[PDB]
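Asker: For reference, the file protein22.pdb (PDB, N, CA, C and O atoms) is included below:
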ATOM      1  N   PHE A   1     102.064  94.337 119.533  1.00  0.00           N
ATOM      2  CA  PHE A   1     102.599  94.586 118.163  1.00  0.00           C
ATOM      3  C   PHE A   1     101.822  93.728 117.164  1.00  0.00           C
ATOM      4  O   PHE A   1     101.988  92.508 117.117  1.00  0.00           O
ATOM      5  N   UNK A   2     100.969  94.370 116.371  1.00  0.00           N
ATOM      6  CA  UNK A   2     100.171  93.657 115.383  1.00  0.00           C
ATOM      7  C   UNK A   2      99.132  94.595 114.778  1.00  0.00           C
ATOM      8  O   UNK A   2      99.191  95.806 114.980  1.00  0.00           O
ATOM      9  N   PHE A   3      98.175  94.032 114.049  1.00  0.00           N
ATOM     10  CA  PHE A   3      97.130  94.843 113.444  1.00  0.00           C
ATOM     11  C   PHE A   3      96.333  95.555 114.530  1.00  0.00           C
ATOM     12  O   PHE A   3      96.061  96.752 114.438  1.00  0.00           O
ATOM     13  N   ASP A   4      95.966  94.803 115.561  1.00  0.00           N
ATOM     14  CA  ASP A   4      95.204  95.352 116.670  1.00  0.00           C
ATOM     15  C   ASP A   4      96.005  96.424 117.400  1.00  0.00           C
ATOM     16  O   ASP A   4      95.460  97.456 117.788  1.00  0.00           O
ATOM     17  N   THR A   5      97.299  96.182 117.581  1.00  0.00           N
ATOM     18  CA  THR A   5      98.147  97.149 118.264  1.00  0.00           C
ATOM     19  C   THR A   5      98.182  98.451 117.481  1.00  0.00           C
ATOM     20  O   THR A   5      98.082  99.539 118.049  1.00  0.00           O
ATOM     21  N   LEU A   6      98.319  98.330 116.169  1.00  0.00           N
ATOM     22  CA  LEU A   6      98.361  99.499 115.304  1.00  0.00           C
ATOM     23  C   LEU A   6      97.050 100.273 115.421  1.00  0.00           C
ATOM     24  O   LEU A   6      97.050 101.502 115.498  1.00  0.00           O
ATOM     25  N   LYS A   7      95.937  99.545 115.442  1.00  0.00           N
ATOM     26  CA  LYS A   7      94.626 100.176 115.558  1.00  0.00           C
ATOM     27  C   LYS A   7      94.528 100.931 116.879  1.00  0.00           C
ATOM     28  O   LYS A   7      94.026 102.054 116.935  1.00  0.00           O
ATOM     29  N   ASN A   8      95.011 100.299 117.941  1.00  0.00           N
ATOM     30  CA  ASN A   8      94.977 100.911 119.268  1.00  0.00           C
ATOM     31  C   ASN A   8      95.809 102.191 119.289  1.00  0.00           C
ATOM     32  O   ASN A   8      95.418 103.183 119.902  1.00  0.00           O
ATOM     33  N   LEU A   9      96.957 102.163 118.621  1.00  0.00           N
ATOM     34  CA  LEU A   9      97.827 103.332 118.582  1.00  0.00           C
ATOM     35  C   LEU A   9      97.115 104.510 117.920  1.00  0.00           C
ATOM     36  O   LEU A   9      97.196 105.643 118.396  1.00  0.00           O
ATOM     37  N   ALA A  10      96.425 104.235 116.819  1.00  0.00           N
ATOM     38  CA  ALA A  10      95.710 105.280 116.095  1.00  0.00           C
ATOM     39  C   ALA A  10      94.584 105.860 116.948  1.00  0.00           C
ATOM     40  O   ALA A  10      94.356 107.071 116.951  1.00  0.00           O
ATOM     41  N   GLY A  11      93.885 104.989 117.669  1.00  0.00           N
ATOM     42  CA  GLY A  11      92.786 105.427 118.522  1.00  0.00           C
ATOM     43  C   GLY A  11      93.295 106.298 119.665  1.00  0.00           C
ATOM     44  O   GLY A  11      92.656 107.277 120.047  1.00  0.00           O
ATOM     45  N   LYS A  12      94.452 105.930 120.205  1.00  0.00           N
ATOM     46  CA  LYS A  12      95.043 106.680 121.305  1.00  0.00           C
ATOM     47  C   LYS A  12      95.343 108.111 120.873  1.00  0.00           C
ATOM     48  O   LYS A  12      95.070 109.067 121.596  1.00  0.00           O
ATOM     49  N   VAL A  13      95.914 108.243 119.685  1.00  0.00           N
ATOM     50  CA  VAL A  13      96.262 109.558 119.159  1.00  0.00           C
ATOM     51  C   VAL A  13      95.014 110.425 119.004  1.00  0.00           C
ATOM     52  O   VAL A  13      95.006 111.595 119.392  1.00  0.00           O
ATOM     53  N   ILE A  14      93.954 109.855 118.441  1.00  0.00           N
ATOM     54  CA  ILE A  14      92.722 110.612 118.262  1.00  0.00           C
ATOM     55  C   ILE A  14      92.152 110.989 119.618  1.00  0.00           C
ATOM     56  O   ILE A  14      91.734 112.127 119.836  1.00  0.00           O
ATOM     57  N   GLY A  15      92.160 110.032 120.533  1.00  0.00           N
ATOM     58  CA  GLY A  15      91.664 110.280 121.873  1.00  0.00           C
ATOM     59  C   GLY A  15      92.540 111.316 122.559  1.00  0.00           C
ATOM     60  O   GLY A  15      92.125 111.960 123.522  1.00  0.00           O
ATOM     61  N   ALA A  16      93.759 111.474 122.047  1.00  0.00           N
ATOM     62  CA  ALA A  16      94.691 112.440 122.616  1.00  0.00           C
ATOM     63  C   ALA A  16      94.255 113.858 122.279  1.00  0.00           C
ATOM     64  O   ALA A  16      94.284 114.752 123.125  1.00  0.00           O
ATOM     65  N   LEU A  17      93.842 114.049 121.036  1.00  0.00           N
ATOM     66  CA  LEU A  17      93.389 115.358 120.584  1.00  0.00           C
ATOM     67  C   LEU A  17      92.142 115.778 121.358  1.00  0.00           C
ATOM     68  O   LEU A  17      92.006 116.935 121.755  1.00  0.00           O
ATOM     69  N   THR A  18      91.240 114.827 121.567  1.00  0.00           N
ATOM     70  CA  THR A  18      90.007 115.102 122.295  1.00  0.00           C
ATOM     71  C   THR A  18      90.309 115.446 123.750  1.00  0.00           C
ATOM     72  O   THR A  18      90.544 114.555 124.566  1.00  0.00           O
TER
END
Could I get this structure in the form of structure tokens?
Answerer:
Amino acid sequence: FXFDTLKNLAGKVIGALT
């Protein structure tokens, strides 16, 4: 839970679409 966590969450979603 933090800035890095938020960044990771966003990356996961994009990687999800791919």
Asker: To one decimal place in Å, what is the distance between atom N of residue A:4 and atom CA of residue A:18?
Answerer: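 Between atom N of residue A:4 and atom CA of residue A:18 the gap is 22.2 Å.
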Asker: What is the atom N of residue A:15 to atom CA of residue A:3 distance in Å?
Answerer: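 Value for the atom N of residue A:15-atom CA of residue A:3 distance: 17.5 Å.
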Asker: Any chance you could list, as a PyMOL selection string, the residues in chain A that come up alpha helix (DSSP H) when DSSP is run on the backbone?
Answerer: chain A and resi 3-17
Asker: What is the atom O of residue A:17-atom CA of residue A:2 distance in Å, reported with one decimal?
Answerer: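 Distance reported for this atom pair: 25.5 Å.
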